[PDB]
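S.K.: To start, I am sharing the structure in question, which I have written as structure tokens.
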Amino acid sequence: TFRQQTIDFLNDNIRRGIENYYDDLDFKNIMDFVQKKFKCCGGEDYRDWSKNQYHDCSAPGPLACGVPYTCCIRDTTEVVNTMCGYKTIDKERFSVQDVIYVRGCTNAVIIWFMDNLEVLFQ
């Protein structure tokens, strides 16, 4: 299939990146970088954040069932704070799409690579 095998490659790494997100600032930086730059959240989609222990919807803290602020939309006139991705993982896309990115980063990075393929070399 290759294509599916490739998609699964990227999702598997950022599933790992999501679990190690607070554990290793290198996964954290990359993940916060990809999500801000490519406007995207999670690997398949924002609900992948359920896989980090603090973000599982049955966790105790305030991050439970929510998504990190590097997933939030910043192209608005309104002041965005660090709580902007709270309580989104179980809602329907259309209810959160005004607040956070919902498309996954795996696919977002691929089309970007394909659109800039010629540019990448020289």
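Identifiers for the structure tokens are assigned positionally: chains receive A, B, ... in sequence, residues are indexed from 1 per chain, and ligands are indexed from 1 in the order shown.
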Within 10 Å of region 50-71 of chain A, which residues of region 95-120 of chain A come that close, and what is the closest atom pair and distance in Å for each? Count only C-alpha atoms and give it as a Markdown table.
M.R.:
| residue | atom | partner | partner_atom | distance |
| --- | --- | --- | --- | --- |
| A:99 | CA | A:71 | CA | 8.9 |
| A:100 | CA | A:71 | CA | 5.6 |
| A:101 | CA | A:71 | CA | 5.6 |
| A:102 | CA | A:71 | CA | 8.1 |
| A:103 | CA | A:71 | CA | 9.9 |
S.K.: Write out as a list in words all residues of chain A that DSSP puts in strand (DSSP E or B) for this structure's backbone.
M.R.: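 Of chain A, only residues 45, 72, 100 and 103 of chain A fall in strand (DSSP E or B).
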S.K.: Fewer than 5 positions away in the same chain doesn't count, so skip those; otherwise give me all residues within 8 Å of region 22-36 of chain A, counting only C-alpha atoms, as JSON, numbers by chain.
M.R.: {"A": [14, 17, 41, 42, 70, 71, 105]}
S.K.: Calculate how many Å separate CA of residue 109 (chain A) from CA of residue 8 (chain A), rounding to one decimal.
M.R.: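 Atom-to-atom, CA of residue 109 (chain A) to CA of residue 8 (chain A), that is 13.4 Å.
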S.K.: Can you tell me, as a list in words, what residues are no more than 12 Å from residue 10 (chain A) when counting only C-alpha atoms, ignoring any on the same chain fewer than 2 positions away?
M.R.: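 Listing them by chain and then by number gives residues 3, 4, 5, 6, 7, 8, 12, 13, 14, 15, 16, 17, 42, 43, 44, 104, 105, 106, 107, 108, 109 and 110 of chain A.
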S.K.: Give me, as a PyMOL selection string, all polymer residues having an atom no more than 10 Å from residue 98 (chain A), counting only C-alpha atoms and skipping those fewer than 6 positions away in the same chain.
M.R.: chain A and resi 72-73+76
